[PDB]
């Protein structure tokens, strides 16, 4: 129960949290008298006003800072100052907020099919990915340009290559390629038109 400068028995930890999830900075501080605790983020003092919804507690030498819904703006370098009459102790980490992403995933893949001549062929895929993938069609390896009766259309995550009337020359290997900043996915199918 004698005077002792503040010290960090448990310092802060640099954390990578996904946006939308909760984040928590905690630290165990010892020093008599019980030090005063202040939180900081990039030079600005942290309170309920600076960062809304934040929760700060100090119980039994355990200081904790909790952000319920972390956003991209909540990132930066966080510091923790402990102060009494005998000295000052400061621990610092930083919060890294990565936006939620997802590699391209073919919910519905291309299906190889054999049809008669003059029939209507519909090649269809449902692609998911964050950020929204760049979906490109390919015929025998070459990129397909949206022709008139060889049309490529999109509705949300659904992509369709509609052939009005299929002919034997339309036979080949059709493939769709979806790429974004986190991955690449491909689907491939063979089409055969008989006459």
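Residue numbers count along the first chain shown, from 1.
- Averaged over Cα atoms, the B-factor as recorded in the entry is higher for 49 to 57 than for the other of 143 to 151 and 49 to 57.
- When the C-alpha B factors of 10, 175, 14, 171 are read from the deposited coordinates, the top value falls at 10.
- In the deposited entry, the Cα temperature factor of residue 67 sits in the middle third of values across the chain's modelled residues.
- When the modelled residues of the chain are ordered by C-alpha B-factor, residue 83 sits in the lowest third.
- Ranked against the other modelled residues of its chain, the C-alpha B-factor of residue 1 as given in the entry falls in the highest third.
- Residue-level temperature factors show residue 43 in the highest third of its chain, judged at the C-alpha atom.
- Ranked within its chain, residue 131 lands in the middle third, by CA B factor from the PDB record.
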